[PDB]
Protein chains: 2
Amino acid sequence: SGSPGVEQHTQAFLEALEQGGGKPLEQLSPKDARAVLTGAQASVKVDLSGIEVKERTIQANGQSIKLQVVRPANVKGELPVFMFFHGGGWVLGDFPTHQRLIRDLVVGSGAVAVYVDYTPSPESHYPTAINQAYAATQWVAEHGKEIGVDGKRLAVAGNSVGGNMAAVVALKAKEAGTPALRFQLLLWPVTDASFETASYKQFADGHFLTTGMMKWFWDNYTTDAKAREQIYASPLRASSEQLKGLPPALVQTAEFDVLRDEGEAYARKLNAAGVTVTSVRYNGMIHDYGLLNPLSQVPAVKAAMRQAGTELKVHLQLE
Amino acid sequence: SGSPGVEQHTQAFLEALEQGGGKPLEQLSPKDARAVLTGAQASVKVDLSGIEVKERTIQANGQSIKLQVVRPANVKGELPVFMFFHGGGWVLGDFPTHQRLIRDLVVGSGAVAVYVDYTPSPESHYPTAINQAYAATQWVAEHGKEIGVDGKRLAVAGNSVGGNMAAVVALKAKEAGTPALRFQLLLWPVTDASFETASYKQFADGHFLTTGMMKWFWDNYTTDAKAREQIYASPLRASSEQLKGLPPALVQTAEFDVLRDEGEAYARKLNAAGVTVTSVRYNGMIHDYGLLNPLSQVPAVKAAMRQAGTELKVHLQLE
């Protein structure tokens, strides 16, 4: 259905989905919901060139954690590196569904991505995945040489709940005093377990990500109300003092997205706390505009991805 | 350099490599040789759509063996399946270097590919990789339900030394009396540890795969002369009785390939032994025409890949 002002190809995409019908995502089993994203991402020819992908399993904070290391192809020597935390509402998502987005960030930045295969929900609940995410980030900082990266030049990045994860890993790194981070790339992040922002009200349905989906995503992640109030679940709830000293951020938000307002609000809180922030709203876009392969050639999406890669590159340079 | 009759795009490719210079592959460390293929495969935009890839580790014949299961996207239910053994001269190759070839076979056949991550040489020597290859093939036959396939409808496939591996797994399955195989797809296979065929003499240099490379590949695999004489290393040496009862085969050979004659000779031996064989020489082509991403849009290559997928499909049907 969409709205006046939705970018033309995105609007066509929304209409094609409406005609296709099918059950609301949140009425599916996690397995069947996962298959929706898998199938949709696979239905589109996309450019995945210019990268070399290798899996690595690490022992970090008491568990085995699987990584996918995505390196710019045909480049010798140590490279700087960004952790990549995937979206999908905690229930969905994985490496191959996100590979095109990751590839675009790697090719556009010249930096290595370290995808972390965190445990999905509801198989696990908060704070399992963020603890794995942080553990892997600390491991890369310490052991980067083993995977061809300079762990001292380290950023965090992610889309959607992965943007939540990147923001929270940055907070955990501050709390732990390690590792040092150059940059946080927050792509249309989830930042608050509340559903009353103006954007949540305006875009509740008809714009791909629905309020119904977000509540289901949060419910699968954790139904503990006290957990949801913690800054490691809802970083928007952090005080200025808690946010002070966090790494420079680029926050991209989508105009037609229930999560738009909380993402922009988080950018404002970082700014009020003295953190360097660039906050950019991509007009015409829906949530996960940079993830969804059917939208990967939309010119505004390409421009957003060029920016995301360039800003990673700018913040990951030698001194 | 090439020759009169090399297909036009292939000839341009050979000339571009000649101008680029660089050391002979066999003068590189295994690590640096592996990087040559990795980098070259990554330098080309290719279509990888229409598949879903998932890794699976199995316990088979006393070891952990890593698989990549490549399924046609958006398809429900049990599907038939082919093992995929990668090429690269035993020293080189892996899943991502071969992903486009595998994808083409999966999309074109509608069957699931099971890539087997056998141990490279010289890290291991014969018969380590073929024992892993067979073990994984027997595992899929027995446990197919666990990875969404019908293990009773099982083929083997591979390119180059992977074609050697597929042929040898078929012989091992005959010797072991299990599992039943529907089909063997031998894409420009290595079949004999000898270097005196007319094609070896004619195409020793200038056509990408050189005699120098083949001797180095064999040396890394095994320098045991007695091992090389075994049919599980050199299947061309098998007698008619040893070949009797093997599954139907499609053997594609390349016209401009040192390995052309031994591949065609193996097809003849299968035929003489009563095995159903279709043996097709793709004129104008060099070795690994179906692997190399810079050649993936050459019309003859697309036609060869359409055939390979179709023949898999034909032999993997219900009764």
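Letters go in sequence order (proteins before strands), and every chain restarts at 1. Computed over heavy atoms, backbone and side chain alike; hydrogens, waters and symmetry mates excluded.
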| Partners of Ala155(A) by side chain to side chain contact (heavy atoms under 4.5 Å, CB included), sequence neighbours excluded? | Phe82(A), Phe183(A), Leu312(A), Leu316(A)
Could you work out all donor-acceptor pairs shorter than 3.5 Å where one atom is in chain A and the other in chain B?
from, atom 1, to, atom 2, distance (Å)
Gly39(A), O, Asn74(B), ND2, 3.2
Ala42(A), O, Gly50(B), N, 2.7
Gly50(A), N, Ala42(B), O, 2.7
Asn74(A), ND2, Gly39(B), O, 3.2

| task | Would you mind listing every ring pair (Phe, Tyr, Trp, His ring centres under 6.0 Å) that reaches into residues 12-52 of chain B, with sequence neighbours excluded? | result |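 Sorted pair list: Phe13(B)-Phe208(B).
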